[PDB]
Structures are given as C-alpha cells and as structure tokens.
Amino acid sequence: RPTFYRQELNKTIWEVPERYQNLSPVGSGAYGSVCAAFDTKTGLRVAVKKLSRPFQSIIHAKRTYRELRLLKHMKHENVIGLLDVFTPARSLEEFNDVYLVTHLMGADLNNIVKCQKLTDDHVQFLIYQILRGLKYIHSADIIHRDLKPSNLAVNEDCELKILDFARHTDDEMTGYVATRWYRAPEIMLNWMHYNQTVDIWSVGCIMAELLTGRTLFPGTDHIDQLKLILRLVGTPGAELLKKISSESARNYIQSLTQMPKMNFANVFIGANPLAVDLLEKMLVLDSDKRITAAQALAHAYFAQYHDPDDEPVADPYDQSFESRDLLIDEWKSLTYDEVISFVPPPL
Ligand SMILES: c1ccc(-c2nnc(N3CCN(c4ncccn4)CC3)cc2-c2ccncc2)cc1
Ligand SMILES: c1ccc(-c2nnc(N3CCN(c4ncccn4)CC3)cc2-c2ccncc2)cc1
Ligand SMILES: Fc1ccc(-c2n[nH]cc2-c2ccncc2)cc1
Ligand SMILES: [Cl-]
Ligand SMILES: [Zn+2]
C-alpha cells in the first residue's frame, strides 16, 4: 500500500498517494471534482478526479463501475485512458471513495473556439482526431451519446482526447441539461433505437461551429432544436417519415410547413468546400444514410492526415454488465475488484 496524505481543497477533501503533489482544483460537477497534480513517479502532469457520491444509488454504483470499466479499456491516443486508480480504503468494508488519474488536458474545445477563430488546418486536425477516437470507441460497440465541445479535451499541442464516453436514460435530476445543441435529431425525437451515427451528427455540429464561430443549432428546447435542424436540412422525405413509429411525432413533423434542404455552400460561405462536403455527409437527417467514423476518416478533407494503418480499432469490450440488475453492494464489490486489479500502463 502506498503512503497517502490528506488535504481539503475548496469544499472537497482529498486523500491521495504521496506521488501526486501540488493538487490545484480545475473544476467540479455532477461527475466528480478534478484537480491538476504533478505525478512524481513519471514526471507527468495529471488530472485526478474524485468521484462524487459513487455509491449513492444503484444508478451511481453502476455508473461508477461503468466509468472504471470504460477507462480501463480505452487505450487510444484520442480517448482518455487510465494512468491510475486508487482508494484510500484498506478493505471493502471501508470502501467509499474512488479516484481516477489521467494525463492533464488544460483546455477544451470551447476555450479554443471562443478565444480564437481556428484556421482550416486546425479544424482538419481536430476533427480528424475526434473521428479517429470515435472509430475506436464505435468499434467496441460503444456509443458516446453526448459529444460536445466541453467533452473534447485539447492541450497546447492541439492534441485532442474524447472524455465522458458514461450515462443512459436515467431517473435522476443531477447533471440535467436543458437543450442540447449537439444532439442528433432522432434523440430529440426520443427514438429508442438510434445508432452509433448519433455521434457523427454531433461531430458535424462541432465542426460547423469551429468553421463559423457560431453554434449551428442553438435551440431553447427539444422542439425548438428540431425546428432549427429542419430549417437547415429541410423537412423529412417520404423514406424517413416512414421510419417514425411514434404517431404523434410523425404527425407533428408532417403538420409543419414543409421546408427544403438549404445549399450548404450558401450557409457555410467562406469555408473549404471539402469541409462543406463532409459536413453535408455528417448532417444527414436519416441516420441510416449518415456517414460513419471510418468512412469519414477516408474523406478527402483529411488527406493530409489519413492513414488506414494508424487508425486502430479496439479489443473486444464486455458490456454484458449493462443488462445486470444488481444491489448497490454488489456494484461496490465489483468496482473494488477493478480498483485492486488495475495494472498501470508501462511508463
Ligand atoms: C514515488 C513517488 C513519490 C514518493 C514519495 N513518498 N513519500 C513522500 N513523503 C512521505 C513522508 N514525508 C514525510 N514524512 C515524515 C515527515 C515529513 N515528511 C513527506 C513526503 C514523498 C514522496 C515524493 C518523492 C519524490 N518527490 C516528491 C515526493 C514515493 C514514491
Ligand atoms: C480522470 C481524471 C479526470 C477526468 C476528467 N473528467 N471529466 C472532465 N470534464 C470536465 C468538465 N466537463 C464538462 N463541463 C461542462 C459541461 C459538460 N461537461 C465534464 C467532465 C475532465 C477530466 C479531465 C480534466 C483535465 N485533464 C484530463 C481529464 C477523467 C478521468
Ligand atoms: F424530423 C426527423 C428527424 C430525424 C429523424 C430520424 N433520423 N434517423 C432516424 C430517425 C427516427 C426518428 C424517430 N423515430 C425513428 C427514426 C426522423 C424525423
Ligand atoms: Cl461510426
Ligand atoms: Zn444521481
């Protein structure tokens, strides 16, 4: 067992191994609290996240296990992975807190887009990285489901990592988001059978914003969001309308004054046409015809970066736990096993 030390930061107390020094708070939320620290063992600057109320409910307990399982599995340059995980608990009985450690990423895509107007080269590189990470995530039968600028970490070298790839249709009001500018329309329609391309829709929205400096669809509610979307891409054709089982949703859409698809060249005026072509393949209303991450990587917009030999897929990921209905103490025990069995990556 390593030697731990205690300290209080803001209103959050922290108990971590001595290897981590100079903890300074970076921010907190529904997820947990995060501190930047210096890892004396590796010489790296790391981010240390203390989970918030990990075993409050079966929802938190299962989510704590899920995040740990996800982070332990993700080994890819464009996806956050685990440098370390620890608890000050000496045994299961006193197991109450989980701390996760990863490489420190000093900014997110919001800081980047707001503080400066990115060049086309930057847009290509950043979007390239997101897609390369999504290709990997998606290959493990994982859907991010909430991609947005504040979920994309970026460092001073313009290297990018996807974070938060750990929620589902939950019965809690913590972390509730009012309207989501980056969400696929099928999600705004509460479709229960969406596919991995919901993430591609988000990339499209993010990419648009990096090119124009404006949120593409700043809707105030789910319906306002959907109307802004249909204004750009036009109202659904016969083929897509036929895929809507929800009688009320289908009928509402059909009762809207019908709208044509806008010419993307007029909307994203001044943008690299290759960029506009890709945007158009990403922002397809029918998810069945939306481009995949793997296909997008091979789009001519990324010719400067695309390398099939260096766009890997993930090892098989066991999500069978997702269907389990267990007691809080069972999820806690499983999580504890995962902490104790963690093998750090080679330096
Ligand atoms: C790997 C990484 C870090 C460590 C480490 N472990 N314990 C450390 N001590 C623990 C005890 N030490 C102490 N002990 C008694 C009185 C006053 N101070 C304070 C700092 C420092 C350190 C430490 C080492 C290197 N740089 C900074 C801190 C051990 C292995
Ligand atoms: C291990 C250690 C830290 C993390 C980590 N977790 N969450 C992070 N974000 C910070 C804020 N982000 C956010 N903020 C506002 C709205 C929606 N999301 C959500 C969570 C950043 C980070 C983070 C921060 C800095 N560097 C790397 C990762 C994950 C695993
Ligand atoms: F107005 C819209 C917006 C999006 C969709 C949509 N795109 N892909 C799948 C769907 C969809 C929506 C609702 N139910 C089934 C499928 C359908 C209608
Ligand atoms: Cl995909
Ligand atoms: Zn909760």
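Residue numbers for the sequence shown, in the authors' numbering: 5 to 169, 172 to 353.
Think of the CB as a built atom: it goes at the ideal place given N, C-alpha and C, for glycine as much as any other residue.
Contact set for residue i: own chain, Cβ-Cβ below 8 Å, skip 5 residues either direction
i    : result
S154 : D112, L113, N114
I63  : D176, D177, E178
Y132 : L303, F308, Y311, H312
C162 : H126, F129, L130
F274 : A214, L217, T218, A281, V282, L285
Buried versus exposed call for residue i [16 or more other C-beta atoms within 10 Å across all chains shown]
i           : result
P21         : buried
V117        : buried
residue 171 : In the structure shown, the chain runs from 169 directly to 172, leaving residue 171 without coordinates.
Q202        : buried
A299        : buried
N82         : buried
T341        : buried
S37         : buried
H77         : buried
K79         : exposed
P6          : exposed
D316        : exposed
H148        : buried
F59         : buried
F327        : exposed
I146        : buried
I346        : exposed
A184        : exposed
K338        : buried
6 Å CB neighbourhood of residue i in its chain, flanking five on each side removed
i    : result
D124 : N278
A320 : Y140, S143, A144
Among the options, nearest to residue i - alpha-carbon criterion
i           : options                : result
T180        : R186, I193, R57        : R57
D168        : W187, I193, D205       : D205
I235        : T341, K66, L289, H174  : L289
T68         : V102, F90, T46, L96    : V102
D331        : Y323, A65, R186        : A65
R256        : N196, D335, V319, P318 : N196
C119        : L216, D161, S32        : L216
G47         : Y35, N26, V30, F59     : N26
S329        : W187, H174, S252, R189 : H174
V209        : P6, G137, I250, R10    : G137
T16         : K53, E97, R186, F99    : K53
residue 171 : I346, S347, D43, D335  : Since the numbering of the chain jumps from 169 to 172, residue 171 cannot be located in this structure.
residue 170 : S252, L75, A93, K45    : One cannot assign coordinates to residue 170, given that the chain in this structure leaps from 169 to 172.
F99         : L55, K139, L122, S251  : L55
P266        : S254, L238, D324, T185 : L238
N269        : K287, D321, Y182, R296 : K287
Whole-angstrom C-beta distance between residue j and residue i, which should lie under 8 Å
i    : j    : result
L285 : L246 : Their Cβ separation, rounded to whole angstroms, is 19 Å, which puts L285 and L246 out of contact at 8 Å.
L164 : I141 : That belief does not hold up - the Cβ atoms of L164 and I141 are roughly 13 Å apart, past 8 Å.
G225 : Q231 : 3 Å
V158 : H107 : Not quite, the Cβ-Cβ distance comes to about 12 Å (not below 8 Å), so this is no contact.
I84  : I166 : 7 Å
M213 : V349 : That pair is no contact at about 37 Å.
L87  : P318 : That belief does not hold up - the Cβ atoms of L87 and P318 are roughly 20 Å apart, past 8 Å.
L13  : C39  : 6 Å
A190 : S261 : About 22 Å; that fails the 8 Å criterion.
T44  : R70  : Not confirmed; about 30 Å, so no contact.
Residues near residue i in its chain [Cβ-Cβ closer than 7 Å; skip 5 each side]
i    : result
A304 : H312
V30  : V38, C39, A40, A51
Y188 : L151, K152, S208, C211, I212
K121 : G219
Q: Could you pull out every unbroken alpha helix (DSSP H) segment of at least 4 residues lying fully inside the segment 38-107, listed in chain order?
A: 62-77
Q. Curious, which full-length alpha helix (DSSP H) runs of at least 4 residues does the segment 202-281 contain?
A. 204-218, 228-239, 244-247, 253-260, 270-273
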